[PDB]
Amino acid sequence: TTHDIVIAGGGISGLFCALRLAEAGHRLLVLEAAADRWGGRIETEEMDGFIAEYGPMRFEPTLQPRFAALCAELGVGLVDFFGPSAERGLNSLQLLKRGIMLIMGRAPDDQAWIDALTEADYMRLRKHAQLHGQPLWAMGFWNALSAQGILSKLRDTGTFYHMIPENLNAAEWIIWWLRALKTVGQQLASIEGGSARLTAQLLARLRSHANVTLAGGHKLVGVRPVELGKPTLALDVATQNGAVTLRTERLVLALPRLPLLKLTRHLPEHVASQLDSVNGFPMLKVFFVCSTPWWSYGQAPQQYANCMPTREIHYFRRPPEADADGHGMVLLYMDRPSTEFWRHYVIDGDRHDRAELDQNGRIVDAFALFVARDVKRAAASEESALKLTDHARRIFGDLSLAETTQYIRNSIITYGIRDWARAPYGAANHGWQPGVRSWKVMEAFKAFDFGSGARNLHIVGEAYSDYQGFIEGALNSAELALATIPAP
């Protein structure tokens, strides 16, 4: 065949491009490597009636305006989330804010200065802000915080996801934190009836657009200019059937770093040379649904780290105004190196493009043992962070740990695991690297070509965005490229 515009990748950014480009009236095609699914890192499975987000769960719409706007324009609402909470002059909580504000030269409690910062200011910071003579775009976040007259000590033990041991671009993670440290963005909200709800609504308005053919099961595996000097692109697309060959005047790669690296030979050196301007962090989620929970409503998230190979362990029960069975659900949410523990419980090598539910008992076998220890210890202490129901407090007192194991192992109705470090994602999210001038990459990536000046290839997505980690970045990224695509 032949098409005006191909879009490789049907993730949030792939599709926000497939929308705005339809609304200006182009003949779009959306290749998407996955047969049945759409929205990539957006994953919401229903597990014994619980909404289990294998991908994003909450959002800060005040911070992520363009998210709200794609939510609004699509009829997606946001149920505000009200869920549970959690060496001298250096005596506070988290408050890397001290570290940042020292670097920026302000008072370590100058929260007005922080709340007044614009994107325009963030750009001025990233380009021009220095620390001990060095630009911050050239430094580790970890190094800038450890400098003469900053911190140390540095607690990665404790804290949320600040990517200290990954040592990201100082400027870009000073920027990122100065954002989430504004007074707003405490407004925390789920998406009504799942996060994948947003995927659906975007296809339901992307079906009522005539000039859009959505083509699941299609994976871009090649790109050549047809003739030297000319803008016509040859796309090798492998699919279910077999190895088709599309042609287009404009290809949009809505792909994170790992797919792009698998395409690296088929890309201009000047672009392919920079795909390593970001690192993909792995994250891994495990969900267990328990018949007979040991925790009440409002049991706080813990930071198990030791007790379990996990970072966070999150706790869910059905609303107390329902509870048709009284069941509950546990999220093990983990980064490096806990990810390496669980990685190996995906039974299918070769392919892992979505959660594996109820396919390895060994995942429960290891969840059981780890919790079994902790809930014999929590009965006694009572000053343990594990609330523990009266029913559970007693019955555990009596069972021989080896049986507390089995009680929990039996208790599991359904369980699932998503290892986001696996192809074709290779990461839950990405981070700029020390040395990188993000703005040089984002400009090069938004629009490029094989050497005609055609400006008819694009990269879009979170990975090389100005708001990494969030759908907002994926959206900012889509726009940057949209602006370089004229009407038909």
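One-based numbering along the sequence shown.
- Missing coordinates between residue 347 and residue 348 amount to none of the deposited residues, so the segment is unbroken.
- Per the record, residue 152 and residue 153 are separated by 4 to 9 deposited residues that are missing from the model.
- Higher mean CA B-factor, judged across 121-129 and 290-298 from the recorded values: 290-298.
- Look at the mean CA B-factor for 322-330 and for 335-343 in the entry; the higher one is 322-330.
- Ranking 134, 148, 186, 248 by Cα temperature factor from the entry places 186 first.
- Set against one another, the Cα B-factors of 167, 279, 273, 157 in the record reach their highest point at 157.
- Annotation for residue 356: C-alpha temperature factor in the lowest third relative to the rest of the modelled chain, per the entry.
- When the CA B factors of the chain's modelled residues are split into thirds, the value for residue 466 lands in the lowest one.
- When the modelled residues of the chain are ordered by their C-alpha B factor, residue 62 lands in the highest third.
- In the deposited entry, the Cα temperature factor of residue 460 sits in the bottom third of values across the chain's modelled residues.
- Looking at the C-alpha B-factors along this chain, the one for residue 12 belongs to the lowest third.
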